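Virtual Cβ from ideal backbone geometry, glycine too; neighbours counted across all protein chains shown. What follows draws every value from the coordinates through simple rules; no lab data is involved.
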RNA sequence: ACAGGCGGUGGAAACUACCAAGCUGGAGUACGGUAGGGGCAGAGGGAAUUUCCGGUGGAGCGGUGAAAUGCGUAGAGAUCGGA
Ligand SMILES: [Mg+2]
């Protein structure tokens, strides 16, 4: 399984088995980016490549991607995962869905 | 003098009012149907978030017009499971 978390400030990529035990991970920050460059779609490509490249070597051709949240790199990360030597079954997005649960913050003025 | 005010007196009875009977168009009751987050009170339900418990794993996470404070190898964030 390949959990990916998209956002405007960073994109995280954690790999794990079906049982939920991580084997490796890497984000835009670990790759070398910092600040606003992390949220760019290009950083998601390079961040996804470094995390999955070690996994393709250790067998496990099967994979499932779990997208979580918005961002510019969520679509670019698919090109990184697709541009690889692995198949995949699910392309589902495990996003939260609050039914008017809590109070969000106030709107920004600037 | 007119106009106007007060009081008395004899007449007219539409209108306002009074008195005696009538009607139902306004209003209301009894019925028979009907929609709705009307209100009060008591039970039931799920996600989401937060904290704690552990497992996995190892360096960033998070934030900004840019940055830092801050959280983190005393194991964060992420990822399954549970209260
Ligand atoms: Mg008369």
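A few notes on this one:
- Of residues in region A:22-38 being within 14 Å of residue A:49 (Cβ to Cβ) and in a helix (DSSP H, G or I), the one nearest to RNA strand B (Cβ to nearest atom): A:30
- Residue in region A:53-85 that is nearest to RNA strand B (Cβ to nearest atom), counting only those that are in contact with a strand residue (DSSP E or B) (Cβ under 7 Å, 6 or more places away or on another chain) and in a helix (DSSP H, G or I): A:54
- Condition check for residue A:91: part of a loop (DSSP other than H, G, I, E, B) and within 15 Å of the chain's Cα centre (by Cα): yes
- Residues in region A:71-85 that are under 15 Å from residue A:3 (Cβ atoms) and in contact (Cβ under 8 Å) with a residue 24 or more places away in the chain: A:71, A:73, A:74, A:77, A:80, A:81.
- Of all residues in region A:4-21, none are within 13 Å of RNA strand B (Cβ to nearest atom), without any contact (Cβ under 8 Å) to a residue 40 or more places away in the chain and more than 28 Å from residue A:97 (Cα to Cα).
- Checking each residue in region A:86-103 for being at negative phi and either touching a residue at least 60 places away in the same chain (Cβ under 8 Å) or within 14 Å of RNA strand B (Cβ to nearest atom) (or both) picks out A:90, A:92, A:93, A:94, A:95, A:96, A:97, A:98, A:99, A:101, A:102, A:103.
- When residue A:95 is tested against the conditions (1) surrounded by 11 or more Cβ atoms within 10 Å (Cβ to Cβ); (2) more than 16 Å from residue A:1 (Cα to Cα), the lone failure is (2).
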